[PDB]
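Residues per chain are reported as follows:
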Amino acid sequence: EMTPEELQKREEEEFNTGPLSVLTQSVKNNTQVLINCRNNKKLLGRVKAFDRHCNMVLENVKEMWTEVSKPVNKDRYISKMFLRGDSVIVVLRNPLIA
Amino acid sequence: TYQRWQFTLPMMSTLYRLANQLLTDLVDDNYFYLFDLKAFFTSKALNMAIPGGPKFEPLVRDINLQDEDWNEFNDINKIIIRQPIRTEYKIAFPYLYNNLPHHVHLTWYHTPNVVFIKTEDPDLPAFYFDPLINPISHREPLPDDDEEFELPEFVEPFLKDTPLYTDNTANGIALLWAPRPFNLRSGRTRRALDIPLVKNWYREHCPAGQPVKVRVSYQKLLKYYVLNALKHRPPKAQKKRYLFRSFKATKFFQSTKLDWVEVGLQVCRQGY
Amino acid sequence: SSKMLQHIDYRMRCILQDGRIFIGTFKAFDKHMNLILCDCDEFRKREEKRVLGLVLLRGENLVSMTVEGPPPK
Amino acid sequence: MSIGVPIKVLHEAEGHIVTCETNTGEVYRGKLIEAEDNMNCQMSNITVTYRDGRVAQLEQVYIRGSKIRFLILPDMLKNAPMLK
Amino acid sequence: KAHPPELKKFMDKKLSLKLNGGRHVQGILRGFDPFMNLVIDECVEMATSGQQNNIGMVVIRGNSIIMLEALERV
Amino acid sequence: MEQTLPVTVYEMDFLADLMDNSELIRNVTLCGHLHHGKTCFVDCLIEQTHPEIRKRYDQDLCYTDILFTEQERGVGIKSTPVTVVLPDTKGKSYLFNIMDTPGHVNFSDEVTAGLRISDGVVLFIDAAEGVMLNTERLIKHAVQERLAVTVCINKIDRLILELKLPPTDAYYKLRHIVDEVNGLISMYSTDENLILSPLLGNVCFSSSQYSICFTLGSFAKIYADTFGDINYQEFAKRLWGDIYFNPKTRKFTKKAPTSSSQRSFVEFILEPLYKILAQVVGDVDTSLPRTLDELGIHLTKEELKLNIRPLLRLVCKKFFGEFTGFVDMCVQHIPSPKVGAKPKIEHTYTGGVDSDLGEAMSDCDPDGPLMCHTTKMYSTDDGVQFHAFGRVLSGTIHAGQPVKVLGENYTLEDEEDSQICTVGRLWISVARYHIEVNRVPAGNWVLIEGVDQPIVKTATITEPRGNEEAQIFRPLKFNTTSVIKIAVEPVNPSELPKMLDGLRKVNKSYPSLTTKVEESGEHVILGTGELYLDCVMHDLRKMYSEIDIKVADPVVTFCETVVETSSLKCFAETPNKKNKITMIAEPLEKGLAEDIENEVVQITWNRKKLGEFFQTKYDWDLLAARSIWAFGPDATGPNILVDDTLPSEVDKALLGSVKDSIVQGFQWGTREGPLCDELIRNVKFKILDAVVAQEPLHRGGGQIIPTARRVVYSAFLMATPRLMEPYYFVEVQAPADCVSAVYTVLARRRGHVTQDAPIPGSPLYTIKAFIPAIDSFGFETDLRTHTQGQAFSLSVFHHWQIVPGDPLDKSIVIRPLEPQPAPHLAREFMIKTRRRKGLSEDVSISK
Amino acid sequence: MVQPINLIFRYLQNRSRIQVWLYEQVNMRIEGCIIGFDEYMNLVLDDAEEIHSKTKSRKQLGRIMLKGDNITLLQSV
RNA sequence: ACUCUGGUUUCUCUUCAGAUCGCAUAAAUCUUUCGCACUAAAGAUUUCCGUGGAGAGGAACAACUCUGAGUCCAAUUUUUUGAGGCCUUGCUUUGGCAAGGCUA
Ligand SMILES: Nc1nc2c(ncn2[C@@H]2O[C@H](COP(=O)(O)OP(=O)(O)OP(=O)(O)O)[C@@H](O)[C@H]2O)c(=O)[nH]1
């Protein structure tokens, strides 16, 4: 690393200008976020905080999973939980329907 | 109570320089080869005298150099004489050169010579190739300079700001080779009468050229040195009972702090 | 990391990523989470015990560990 | 504070007979030749057992440390200076 | 602090490499780096189909390196 | 296993399980010149593997000088084995079998008895003194026995704390010592793979007194441990030689940046060490805590109060740590028993390496046939029973197992010297305390009980009912010859058997002691010098026989030779008077007796190579050069026997029926000699006309052998006989002022100075001189007394030279108790040795 | 001794048709012209084409940036 | 890097001390030896000059130096993923487990 300075605030710059700034929109505006999990599961909730590792905490998260019989989507409700960043495939903010 | 001293090295060096007129200025104990306590022990036990040493009296009456007959063993016609077998040869190897050796304290063998080059100028480096030191006559799978080994940025020899020698490095090395107590830096006090200041003077070799009275005095001092060392008995175990404390405990005695001369006159008159 | 020091020498059962079960005396662990278990036995499922001995299991292969027995004498 | 007790136990294990289990389900047992800071071991005279159970002999190898799942150290090492 | 892997004994020696996806390789080693990535000359594919395909100079990432086997005597 | 023992860093079960892995074992011998620091190498090592065993502040516990005479005499007198588990630089542990050998030139037989069972050597070389007499002699002996040589330049504080050399001149001194060692090694060895250099890890730097020991790699690892980012193995390759650090580019070049730039060793290794020592000894009160802070060493306040020498030892102990440079050096450059078992069998097994047992032993396989070889015999303190000590080269020796001890004369057809015995106990021997074990596999050293009866010096211990064709290991070949000679007799002759038993026991103790009973009923001991025989007599009187023993004056063994060819060809007939032999005797060519003794030539060679040698080397015709029959009183003795009988004059085939008897007669008559019953040296015997009786019932047996002996005697006597003196080689180290006193002391003892020369980097001088062995008793005492202790000499046997006079001359008148002039030393030496042997008063010169 | 980085730089200078193996994707192979590399093994192929093993359908991907964490083995031709 | 022991000096008393108890070295008595006992040796006992260890009490100021103890790492090699999905057989604890073949 070419920036070993102790006053490391570049992590927030990526949270404002980098790809991680998308999660900052959900943290600030409190928008619903849908994330695809590596276990072929989808969770919709509201992320409160995260880090460079992408590990975020969601509140009022609804988890969807398909089980086969034929693939049927099962739904479970969770008040709040902490999800590892490395255990996610893709994270996207809820599209604006209007 | 004055029972232990802790000193710094610039004090020990100064005390060492002042005492030098009383000091031997040897660096070894090779000087005392066949002239040490064990050698004199052996010479006493073998009933012989090292030239220059004490002369005791026969330890035990036994066979004599004129008391053994001719045998076929010790026949003097089978003996080749190249150099006379001195008595020092019978002290040095007490079991090869001697029939019936008893009480032979084996003498200490060599000690590697100390090559401590004593310093002369305080205005020279402490580490300096002295002219007393025989020159080293000048005259490798190393890797190439182009090899990519780089010493990292924050790496330097271990003590690098520390100077090699200080203004008391020459003096503090000379203190390693000092005679005790100057090769100490702490210790326990002695009584003034327990310190002989000339006991290492007469343990030296009997000086050549001095009149016979001086040399006999040297050997006679050595005789009592050896007898003290040999007849030494361990101090017996006891219970500490101090007389003058018992004197002060009673009501008959008291205490003050007088000049020495006043008490000298008091003791003189009292004894009279 | 005293959370694992108190478990040192205890006969513990470890669940691996591949599903294997290792029961043995936990000797030491590292920052990488490498497991050093002595007198270890391998448990797999059909139940069967495969005694191994001193086991040096990599930290990545470590999934979950629980104490199974107190340290022996 | 740099090398863990398992690292010392593994390093001191060279010379005896060691059995290594790889992520590919292959078990190699042989006399360790040298071990590095990582799990990278270069065994010798390895009797290699495949997943199906085929047994093969490998004279020289260099086991990649990342792929090493679990290994069985020699029973002598149980009294090692580091493991005491 | 990545010490280079101890692979000097296998340098310029015929070695067989194991691929992550159950693959096998063959070739003569030419160099390595702290990441274990190896450059092999006269590389032979040795695919599971049974037909050996020669490539030559190839580069293999250390992540996919499963196991090294020294075919030549070291 | 179940024995009470001092607490160790390791645990005895780890030691017991390391013995079964012969790649983790290192059988090492420690050797060097006298007082060059070997004892505390192991002692400082025993400290680090024995936390409670701590050296006394003011006195070093040598822990390997376990005996009595060693303890007050302060010399090493016997070798003492030490077994320690020692960690490496990388933390790995190896089982070190270390043999601590003495460094006196007299006690070299202990060194050879330790070199036999070792796979490598660590030569100790005082950094101030340098390369001395025994350093060169042990280098020669250790490259001859085919051992892997490493070097520890010990006592490097003397460069700092005594000589006070600038760090660069200390570097020059160390480089000069290494170069001297390399030159000696290349002198005594053809192949070049014994190159010694600290860049190869071959040379270690040490100061045992102050707990310093490093190689280049371990010091570089100190750096790497502190500043974590350097690769200490490539750092170590830039820390010696003319390679300089360029601090601007952070790279090491072969050329010095600008000028006044220091080499890498000085800059990175020697200056830090100078500064540690200087800070401790000079500035301990002022600025030692700051530098101990820099190095990361924290001494408790009760320790900064220590005297300067314990403080230096403790500081250097903290900074350096354990002696892992030593272990690195020995693990890398000294073979394991498994790898070094092939040279061992190739060299020291009489059966040759190609034999089947010379194959099962060269694997060092601990499940094969038992083959244990003992070279030392250590006496229990009661002095009654001994314990053999050797290494197990194969199989595994168990306690209680019955074994078959083979002597030194055992052969595969003469099987009477072997004897069945019963191993009682087996001890793994650390220096002082024995750790009793139950078995000892191949590749290890064991102290055996129960086999002490049928062995005198060495043994081969095998299994009975198997191993039907197990030969012996060759008996130790020593550095020197035992020349000094004393005779002993009990004071009260009623107790002669006690003294005879004591003589047997000392013969067991000392590897090269040679006690013999001369013809006159006189018991003689042969030794190497005065310290050696002094200690032998000490042991004899005080340990093995508790009686009073008289000692004769010391004398030497002589030898007999010739100085021309016999005037009239001599002859001798058998009592049958049908067999007639005729010989003449002439002196061997210059420099041939050494070739015959030093196995440069053997009679095992085919006639072609033997003749070719003699031809190209000493101008011999093919006829005579291939005509050699035998070689000296031994198989390698310094005498030849040549048959000049012409094939026309005498039937060569018929003559061949008495070759095997003429050879024996010549061997025996050279073993005895006619003058004073001493060996004959440097004499060539040519046969001239051997008229042989055809009748086999008339020749052969007890008829022809004495005739051969008598003709040998007469032929020797017609060529002018002479005597021979053993000449000693004296090396003296004395200051420059006391050099002339050495000349004064020498000249009174027929001594002749070859050279005097300074010691580089040292204020002292080395005087080398030759002195007759007989003119040497008390010479050490004379030199150390005349110089007030400042001159010291170790003397060793060099060659055989002729006594000045003529032994056969009755015109010489000798008085009984006075030294002779040189013109007739030979006559006295001849007649007094005759009188002492018990023979007649004078020879009978005749035919 | 040839280093992997030096070999990659030489291949990029030559711009040969480098075929890169995939980590855990044996069937899917990708060939292309190497343009540049990085310390993370990230490679950019000018004319990329994915080659399968069962389908063997060469689908052109154009200028693509393959992550170093997925590459298996780089081969020429 | 936060908190808690332990101090040092001095006076007196009790016990053990064969440890150079003392880096010094006295005197007495008894025995033996020889001379013929200051001008001499050996052995033993004692007393004196005066020490170490432990323990105990008193009284003077330092109290946390030290001794200890309790109190910055997401891009190969370990902890910021090649993960998840399909097929057959034995047993289904009808949840699926085990092995193999696969797709990604
Ligand atoms: N200056 C200095 N003296 C040392 C050093 N090491 C040992 N000595 C001393 O030098 C002498 C050597 O004695 P030892 O080490 O026992 O001798 P040795 O090397 O075993 O040799 P031998 O007497 O033949 O047994 C002793 O006085 C040691 O204390 C050292 O590093 N420096």
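Residues numbered from 1 in each chain as written, not as in the entry; some residues may be left out. Chains lettered and ligands numbered in written order. Part of a larger assembly, values for the part shown. Heavy atoms only, no water. Residues with missing side-chain atoms left out of burial classes, pairs and counts.

Colleague: Please explain the overall build of chain F as it appears in this structure.
Modeller: Counting its secondary structure elements, chain F contains 26 helices and 35 strands. Across chain F, contacts joining residues at least 24 apart in sequence account for 72% of those joining residues at least 6 apart. (Helix = DSSP H or I, 4+ residues; strand = E, 2+ residues; numbered from the N terminus. Contact = heavy atoms within 4.5 Å.)

Colleague: Where do I start with the overall build of chain A in this structure?
Modeller: Secondary structure summary: chain A contains 2 helices and 5 strands in total. The N-to-C order of helical and strand elements in chain A reads α-α-β-β-β-β-β.

Colleague: Before we go on, may I ask you to explain the packing of helix α16 (residues 496-509) of chain F against helix α17 (residues 530-544) of chain F in this structure?
Modeller: Any two packed helices are characterised by how steeply their axes cross, that is the angle between the axes, and by the distance between the axes. Residues and elements named next belong to chain F. Between α16 and α17, whose axes approach to 10 Å, the crossing angle comes to 125 degrees. With respect to each other, α16 and α17 are oriented oblique. In terms of crossing hand, the pair formed by α16 and α17 is right-handed. Between α16 and α17, the residues in contact are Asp-501, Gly-502, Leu-503, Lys-505, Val-506 and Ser-509 and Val-536, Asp-539, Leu-540 and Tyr-544, respectively. (Axes fitted to C-alpha atoms, helices over the stretch in contact; angles between N-to-C directions. Parallel < 35°, antiparallel > 145°, perpendicular 65-115°, else oblique. Left-handed = near helix turned anticlockwise from the far one by under 90°.)

Colleague: Sorry if this is basic, but what is going on with the interface of chain F and chain B here?
Modeller: For interface size, the figure often reported is the accessible area lost on association. Taken together, the contact between chain F and chain B spans 132 residues of the former and 89 residues of the latter. The element contributing the most residues to the side of chain F that touches chain B is helix α10 (residues 264-282) of chain F, with 11 residues. Of the residues belonging to the side of chain F that touches chain B, the class tally is 61 nonpolar, 26 polar and 45 charged. (Nonpolar A, V, L, I, M, F, W, Y, C, P; charged D, E, K, R; others polar.)

Colleague: Even after reading the chapter, I still don't get the state of the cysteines, so can you show me in this structure?
Modeller: Each disulfide is one covalent bond, formed between the sulfur atoms of two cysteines. Residues and elements named next belong to chain F. Here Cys-40 engages in a disulfide with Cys-44; their sulfurs sit 2.1 Å apart. Between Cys-40 and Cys-44 the sulfur-sulfur dihedral comes to about 135 degrees; the bridge is accordingly right-handed. Residue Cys-40 and its partner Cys-44 are located together in helix α2 (residues 39-48), separated by 4 residues, close to a single helical turn. (Disulfide = S-S within 2.5 Å.)

Colleague: So what exactly am I meant to see when it comes to the packing of aromatic side chains here?
Modeller: The way to describe two aromatic rings as a pair is by their centre distance and the angle between their planes. Residue and element names in this part refer to chain F. Taking 6.0 Å as the distance between ring centres and 55 degrees as the angle between the ring planes, the aromatic pair formed by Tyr-171 and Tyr-172 counts as tilted. Between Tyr-171 and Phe-265, the ring centres sit 5.9 Å apart and the planes meet at 45 degrees, which makes this aromatic pair tilted. With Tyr-171 in helix α7 (residues 167-187) and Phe-265 in helix α10, the pair connects residues that are 94 residues apart, well separated along the chain. In this structure, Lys-92 is placed above the aromatic ring of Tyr-94, and the distance from its NZ or CZ to the ring centre is 5.4 Å. Positioned above the aromatic ring of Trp-668 is the side chain of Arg-709, whose terminal nitrogen or guanidinium carbon lies 4.4 Å from the ring centre. (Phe/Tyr/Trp six-rings, centres within 6.5 Å; stacked < 30°, edge-to-face > 60°. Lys NZ or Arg CZ within 6 Å of the ring centre and 35° of its normal.)

Colleague: Which parts of the structure should I look at to understand the UniProt feature "domain: tr-type G" in chain F?
Modeller: As recorded in UniProt, the feature "domain: tr-type G" lies at residues 23-305 of chain F. For residues 23-305 of chain F, the helix share is 36%, the strand share is 17%, and the end-to-end C-alpha distance is 45 Å. (UniProt positions renumbered as here; feature names shortened; annotations may be inferred.)

Colleague: What should I look at first to understand the environment of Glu-23 of chain F in this one?
Modeller: Within the secondary structure layout, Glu-23 of chain F lies in the loop between α1 (12-18) and β1 (25-32). Sequence separation of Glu-23 of chain F and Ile-596 of chain F is 573 residues, and the distance between their C-alpha atoms is 40 Å. Setting aside its immediate chain neighbours within four residues, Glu-23 of chain F contacts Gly-15 of chain D together with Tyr-94, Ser-336 and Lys-338 of chain F.

Colleague: How should the sheet that holds strand β4 (residues 72-83) of chain A be read in this particular structure?
Modeller: Two orientations exist for strands paired in a sheet by backbone hydrogen bonds: parallel and antiparallel. Residue and element names in this part refer to chain A. Spatial ordering of the open sheet is given by β4-β3-β2-β1-β5, a layout of 5 strands whose pairing is antiparallel. Since the sheet does not close on itself, it has two edges, and those belong to β4 and β5 (88-93), each with one partner. Averaged over all neighbouring strand pairs, the angle between strand axes comes to 20 degrees, with direction disregarded. (Pairing = 2+ DSSP bridges.)

Colleague: I'm lost on unusual backbone geometry in this one. Help?
Modeller: Trans peptide bonds make up the majority, and among non-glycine residues the majority have a negative phi. All names here are of chain B. Across the junction of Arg-180 and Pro-181, the peptide omega takes the value 10 degrees, indicating a cis bond. As for its position among the elements, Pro-181 is in the loop between α4 (170-174) and β2 (186-187). A positive phi angle, near 65 degrees, is found at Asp-25, a position not held by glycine. Note on placement: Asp-25 falls in the loop between α1 (9-18) and α2 (37-45).

Colleague: Could you clarify how one ought to interpret the side chain of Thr-291 of chain F in this entry?
Modeller: With respect to the helices and strands, the residue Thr-291 of chain F is situated in helix α11 (residues 288-294). There is a polar contact of 3.1 Å between the side chain of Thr-291 of chain F and the backbone oxygen of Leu-288 of chain F. Residues within four places of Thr-291 of chain F in sequence aside, it is in contact with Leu-159 and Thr-162 of chain B together with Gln-279 of chain F. (Polar contact = N/O pair within 3.5 Å; in protein donor to acceptor, adjacent residues only side chain to side chain.)

Colleague: Whenever I open this one, the sheet that holds strand β3 (residues 93-100) of chain F confuses me. Can you help?
Modeller: Residue and element names in this part refer to chain F. Judged by pairing direction, the sheet is mixed, and its 7 strands sit side by side in the order β2-β3-β1-β4-β5-β6-β7 without closing on themselves. Sheet topology places β2 (80-87) and β7 (212-214) at the edges, where each strand pairs with a single neighbour. Ignoring strand direction, the axes of neighbouring strands in this sheet form an average angle of 25 degrees. Sheet analysis places strand β4 (residues 120-124) next to strand β5 (residues 148-153), joined by 5 bridges and oriented parallel. Pairing of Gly-120 across the sheet is with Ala-148, part of β5. Its contacts with the sheet put α2 on β1, β2, β3, β4, β5, β6 (203-207) and β7, and the angle it makes with β2 is roughly 45 degrees.

Colleague: Is there a simple way to explain the arrangement of the chains in this structure?
Modeller: Counting contacts across all 6 pairs of chains that touch, the top-ranked interface belongs to chains B and F. Separated in space, chain B and chain E share no contact, their closest pair of C-alpha atoms being 12 Å apart.

Colleague: Help me understand the pattern of salt bridges, please; the structure alone is not making it clear to me.
Modeller: As a working rule, side chains carrying opposite charge can pair if their charged atoms are close by. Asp-285 of chain F is the salt-bridge partner of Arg-185 of chain B, the closest N and O atoms lying 3.2 Å from each other. Here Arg-185 of chain B, found in the loop between α4 and β2, pairs with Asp-285 of chain F, found in the loop between α10 and α11, and the two come from separate chains. Note that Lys-404 of chain F is salt-bridged to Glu-415 of chain F, the shortest N-O span being 3.9 Å. Separated by 11 residues along the polypeptide, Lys-404 of chain F in strand β13 (residues 402-406) and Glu-415 of chain F in the loop between β13 and β14 (419-422) bring together distant segments of the chain. A single salt-bridge network, built from bridges that share partners, covers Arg-82 of chain B together with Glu-725, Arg-750 and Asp-775 of chain F. (Salt bridge = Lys/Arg side-chain N within 4 Å of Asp/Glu carboxyl O.)

Colleague: Explain the environment of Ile-662 of chain F here, please?
Modeller: Residues and elements named next belong to chain F. By secondary structure assignment, the location of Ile-662 is in helix α22 (residues 659-672). Once the C-alpha coordinates of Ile-662 and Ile-581 are considered, the two residues, 81 residues apart in sequence, prove to be 9.0 Å apart. When sequence neighbours within four positions are dropped, the list of residues in contact with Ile-662 reads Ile-581, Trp-629, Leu-641, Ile-687 and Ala-708.

Colleague: Quick question: what am I supposed to make of the environment of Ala-224 of chain F here?
Modeller: Residue and element names in this part refer to chain F. Of note, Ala-224 is situated in helix α8 (residues 216-226). Linking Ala-224 and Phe-235, residues 11 residues apart in sequence, is a C-alpha distance of 8.9 Å. When residues no more than four places from it in sequence are discounted, the contact partners of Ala-224 are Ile-230 and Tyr-232.

Colleague: Just to check I follow, could you spell out the pairing of strand β20 (residues 484-490) of chain F for this structure?
Modeller: All names here are of chain F. When β20 meets strand β22 (residues 523-527), the two strands line up antiparallel, connected through 5 bridges. Bridge assignment links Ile-486 to a residue of β22, and that residue is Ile-525. Here β20 pairs with strand β24 (residues 555-556) via 2 bridges, running antiparallel. Bridge pairing links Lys-485 to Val-555 in β24.

Colleague: Mind showing me how you'd approach the packing of α2 of chain B against helix α5 (residues 212-230) of chain B here?
Modeller: Residues and elements named next belong to chain B. Their axes nearest at 10 Å, the elements α2 and α5 cross at an angle of 90 degrees. On the basis of their axis angle, the class for α2 and α5 is roughly perpendicular. Contacts between α2 and α5 involve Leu-37, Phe-40, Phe-41 and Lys-44 from the first element and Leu-222, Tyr-225, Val-226, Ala-229 and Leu-230 from the second. Class assignment of the residues belonging to the contact of α2 with α5 gives a composition of 8 nonpolar, no polar and 1 charged.

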